[PDB]
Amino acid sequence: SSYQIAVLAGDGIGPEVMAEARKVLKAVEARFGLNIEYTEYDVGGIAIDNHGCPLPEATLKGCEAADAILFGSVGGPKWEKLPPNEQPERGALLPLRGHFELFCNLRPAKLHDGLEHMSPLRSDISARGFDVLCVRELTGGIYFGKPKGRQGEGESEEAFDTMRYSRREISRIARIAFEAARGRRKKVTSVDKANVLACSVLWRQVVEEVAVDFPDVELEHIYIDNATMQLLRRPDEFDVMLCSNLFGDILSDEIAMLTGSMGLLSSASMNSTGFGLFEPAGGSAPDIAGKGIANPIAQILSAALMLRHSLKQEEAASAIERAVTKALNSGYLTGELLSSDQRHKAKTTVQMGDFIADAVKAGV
């Protein structure tokens, strides 16, 4: 019977790009004989406007009833004066992650053929290409560790957050990184700050214990400050980067920015049952919303990760990936992927969804 998907398109460009992800999914549903039912729920800014909070009860219960969450983007100027902590992004994403135990965040980033000039890296570096998958631990560390809070008053008033990791937490995420390296270029670089943090000393030690199960995979360790530097110089020498919550937050965004093409990048945040939340790497771009300008490929590839990882539909996932590839190499680019002089060749969001869905239909 039917898969059930909770669709949480959110704010800004979220709904208009979600529309295209749904159009391409309809083509993959027809092509592979999948029965998938979708229910839309508010989340983020639209949920604060419609329901008074960024993650309404009904939305959370709809996600509980689903096989996966296909998530858009949340946030925008309009809610940007609420405390940073009643704000829509953090208020949608952290409770979804904590509630469904979404410990694994996978962010594949690569420099696509022919779009090297868009990367902010000097041309000889982006010409080498890169393909880095960031595996970030998402439900532990300093994000959800306790005690967190503040005490005291005046000058001596103090706040505190505790970064905490157990061997169990590190070993589950490290295994995912090694398993992913096995299928790629067989190297895991584990990123930590083991010269300062007890958490990272335990991190490094556990990742080395996990490595015994992967003698075909090379493991190196690097400090987060050195990784931030080395991704600027030699990103082509990394394969799978394995990070705790706070380090992976920073490094996965640094690598996304280094592609120069965030409109192509998606994200999977999964638990150990295979339920996940699938979203584009980029934000809600509220200034271009409503104009048919936004690149829907990130939301479309989010749907492909959802099919692969939550729905175990590998053929359907790869048909969407290939249909994206076909767009990128057949002159179907949106404006932000085009150099300043080629920009009159830009396709709109709908034209991109039509092309990719048609390519799925045509059997790409």
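Basically, rigid core = biggest C-alpha set you can superpose within 1.5 Å across the two forms. Numbers for residues come from their place in the sequence shown, where the first is 1.
**Q** Between 78 to 86 and 248 to 256, which has its CA atoms farther from the current form in 6 other deposited structures of this protein, using a rigid core superposition?
**A** Higher root mean square deviation of C-alphas in 6 other deposited structures of this protein is shown by 78 to 86.
**Q** If you average the Cα B factors in the entry, which is higher, 6 to 14 or 337 to 345?
**A** Taking the mean C-alpha B-factor of 337 to 345 and of 6 to 14, the larger value falls to 337 to 345.
**Q** If you average the CA temperature factors over each stretch, which comes out higher, 202 to 210 or 147 to 155?
**A** Higher of the two, by average CA B-factor, is 147 to 155.
**Q** According to the deposited entry, which of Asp253, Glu116, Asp131, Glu137 has the largest Cα B-factor?
**A** By C-alpha B-factor in the record, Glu116 ranks first.
**Q** If you check the C-alpha B-factor for each of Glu279, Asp239, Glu80, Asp161 in the entry, which is highest?
**A** Most elevated C-alpha B-factor of the set, per the entry: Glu80.
**Q** Considering every modelled residue of the chain and its Cα B-factor in the PDB entry, is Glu321 in the lowest, middle or highest third?
**A** Its C-alpha B-factor, which the entry lists for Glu321, ranks in the lowest third among residues of this chain.
**Q** Is the Cα B-factor recorded for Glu86 in the lowest, middle or highest third of its chain?
**A** For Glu86, the deposited C-alpha B-factor lands in the highest third.
**Q** Could you place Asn295 in the lowest, middle or highest third of its chain by Cα temperature factor, using the values in the record?
**A** Within its chain, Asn295 is a lowest-third residue by C-alpha B-factor, going by the deposited values.
**Q** Quick check for you: using the entry's CA B-factors within this chain, is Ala66 in the lowest, middle or highest third?
**A** Its C-alpha B-factor belongs to the middle third of this chain's values.
**Q** Quick check on the deposited entry: does the C-alpha B-factor of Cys53 sit in the lowest, middle or highest third of its chain?
**A** Middle third, going by the recorded CA B-factors of the chain.
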